[PDB]
């Protein structure tokens, strides 16, 4: 049943080195060697806390998601999406939330452009806190699993979360870990019916995830766009040139922002 599931099993059948080779075959990457060595030293200016900033940049530079006003970042991790939104013109406030703790990503304090508008807190489980007013809602939650039914449940769980934070006309960028399972496809169709947007594949995503993002300023038939990605991921199982094309990492500048009137 379904292309994505067929893709999933071939993926699970892949050897430990076949998997790694496949994971990056023909994908788009961000050159992060030097930014990570800077962060390690302790630099807090210019650098991105993770490859997630570049990730979000791809969507924003194409108006698929136009962050503005108060931005809530569910599952901010180190703060990749949050610090990036902190430098955008129309952004007034950014609030990031994560689980944190031993063996989980924790926010890293930075001084990138507009950091003073960024509040990052860990020790928080977004699934059980009351929804807050939000102009733009970001969510990058979704732990992958060898079992597609497990991911299907994790995905429905975040889709039900973001729904209660979604008011009408809120800008959003929500990760949909497993968009191919039949039960997630159904929910996404409902969600889109009530809230526009569409699922879009980020070229920076690795081939090892069927990861798609529900973005507000986009359109397209759900089933149609998901199968399009399933075929793409299956095609990449057998590639002659599998070199990943790199791009310089994002520069988040430095300094406080003075929004004023």
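Numbering follows the first chain given and starts at 1.
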Average Cα temperature factor in the PDB entry - higher stretch of 160-168, 173-181: 160-168
Of 218-226 and 27-35, the stretch whose C-alpha atoms average the higher B-factor in the entry: 218-226
Largest Cα B-factor, entry values, listed residues 236, 210, 57, 195: 195
Residue 93 by Cα B-factor - lowest, middle or highest third of the modelled chain: middle
Cα B factor band for residue 141 (lowest, middle or highest third within the chain): middle
Cα B factor band for residue 251 (lowest, middle or highest third within the chain): middle
Chain thirds of CA B-factor: placement of residue 63: highest
Modelled-residue ranking by C-alpha temperature factor, third containing residue 116: middle
